[PDB]
């Protein structure tokens, strides 16, 4: 009985299964205190002041209630190589690659995991508070929501989870005796410290391990206090566990922004889009459209949970409550809506601080007044001449979603928004035109599966889900393809975009950002069934003169929309080899058929 150690809440008022979870882990981890989070303002404010008291965070004096955490430089990112999924059979988690190295997941056996777990968690919270975070992924009480309980020894996790999910007493009330996902986290530095603390940032890099056990509905994460490793909604629950539930239950859990776009006629449609990190989800979800009379509103910028309703509409929710955005490259010029969102009640991690207590980072494109100086994320004086960036490249803002000036009115509607188009895209400097439309659902799924993006080399990132599949990618393709056999299903039109095509000198061919409204306008019209497409071997592209290019006189249209037989032969052979090596016996017939159909179309150029 751990009652004597509860410093907020009551073990007696927790649902029986929740209590079991907490007490079992209190006995294992040996926390000094147990704090059952209520999610209140008062709780939050004091937690912040305490972290400030301890030097774990700094208040940024230039803003209303903004904070800065600077990490141990060993703990700056989600770490794929220490991220695993446990299942009885390896093939259920990942396909077996012919090369002996899967790019599509990282399986761990139950046996190896039990040894790892036992080498880490016993006594790991000694002399710390175990916080109990009851959270909802999705609007509270939504039929599409799922509930988690995170145990953590990190107040930084609590504060960030209050932003990134819906947490507190109301969730425990909603939960009752329902099922929930068990989320267990420790920074893995029990007191007294065995190793020196760096930058007031508790972590255990050598023992970092982020595990998922979908068959037990557990997420178990050790040694990192950072982002996707420690905020267990966000990638572990909302993509990895959730994609497996989705497969079981007949829905989709995806790495997609969700936006609502209204045309000048006042007609509105929702679109979802899957792009990998650094390929523009935040920019698109919060776009300030350049086209007069168009409006974009943000439902979410990262995760979409989608389920066909009784009427066959594909209904999407954003299961998050906030934006955990990469800060560098965010500028007033490029992304004014994100700039407005983050000016209050935001936690920043590993950005630079100006001497007047403000935030700074690469690509902020805000000149500073003469005399204003910069402290880098490594707590050193820094000047724009310097070899190193002032902010870590993976540094973040963590901001409440409700503060986005263009947040959609239906962003928390419990039944979700009806999705009429799904967009795929990444960074392709060559070959791939600005926009194309898939010929069918099956072709659209192949376009998803074929996605590549230049991020530290050109690499495959199918559906923008490479680091996030909860189970075998081949089976995930079959799941997508199965949506076509749902009677009365209204399947979204699928498009592929490329904002990032360059000429031989390395110059972007398309201005992008707000100008992408011109491409959305074409998509909108296409969903309306307008005759604005020309057929090409890779799918439909805009007709000559179909795009509104008024205001953009010097756009190399020939190169931006060019399709080269030579490029596309190479592209299909590379896709064929990748699918063969990485997916093989688990590749659905229809994906193989689409690949052969594409090859044939190109052969006839």
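Positions refer to the first chain, counted from 1. Basically, rigid core = biggest C-alpha set you can superpose within 1.5 Å across the two forms.
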Quick note, superposing on core in 8 other deposited structures of this protein and taking C-alpha RMS, the more shifted stretch of 503-511 and 78-86 is 503-511
I'd like to know which segment deviates more from the shown structure in 8 other deposited structures of this protein: 56-64 or 549-557, using C-alpha RMS over all structures and residues after a core fit.
549-557
Select between 51-59 and 566-574 the stretch whose C-alpha atoms have the higher average B-factor in the entry.
51-59
For the C-alpha atoms alone, is the average B factor greater in 5-13 or in 586-594, going by the entry?
5-13
Note to self: of 97, 492, 214, 426, the C-alpha temperature factor tops out at 97
For the C-alpha B-factor as written in the entry, point me to the maximum among 317, 119, 239, 369.
369
So where's residue 72 on the chain's Cα temperature factor ranking, which third?
middle
On the chain's distribution of Cα B-factors, residue 336 falls within the third called highest
Compared with the other modelled residues in the chain, in which third is the CA B-factor of residue 361?
middle
Split the chain's modelled residues into thirds by Cα B-factor; is residue 127 in the lowest, middle or highest one?
middle
Could you look up the Cα B-factor of residue 139 in the entry and say which third of the chain it sits in: lowest, middle or highest?
middle
